[PDB]
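Enquirer: Would you mind keeping the following structure in view while I ask a few things?
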Amino acid sequence: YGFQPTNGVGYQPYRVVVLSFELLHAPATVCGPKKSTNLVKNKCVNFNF
Amino acid sequence: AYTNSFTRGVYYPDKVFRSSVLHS
């Protein structure tokens, strides 16, 4: 590419980043910034582990 | 020399517990 500053859009350079989330078969890894909390047994509950 | 394995080289294909279950 011979890039030059006086190029019409669609010929100017764009930077690209491709994030690819993969899930092999480990025990866990990085994730969003949830919050986590306590747990209780013997009660119909809505859980996220 | 060469030799004969009999029933050797079986590994757990992954995590996930499991009990009596002829799993394929």
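Chain lettering (A, B, ...) mirrors the order of the structure tokens, residue numbering begins at 1 for each chain separately, and ligand numbering begins at 1 in order of display.
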Taking only C-alpha atoms into account and nothing else, which residues of chain A lie no more than 12 Å away from chain B? Please answer as number ranges by chain.
Expert: A: 24-28
Enquirer: Convert the current residue selection to file output with C-alpha atoms, as a tab-separated table (two decimals), in the first residue's frame.
Expert:
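For reference, out-v8.tsv as written:
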chain	number	residue	atom	x	y	z
A	24	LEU	CA	-11.01	-25.29	25.29
A	25	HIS	CA	-11.74	-27.53	28.28
A	26	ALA	CA	-9.91	-26.00	31.24
A	27	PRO	CA	-11.38	-25.13	34.66
A	28	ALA	CA	-11.89	-21.40	34.04
Enquirer: Point out the residue among A:5, A:49, A:21, A:10 with the least atom-to-atom distance to residue 34 (chain A), counting only C-alpha atoms.
Expert: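 Nearest candidate to residue 34 (chain A) out of A:5, A:49, A:21, A:10: A:49.
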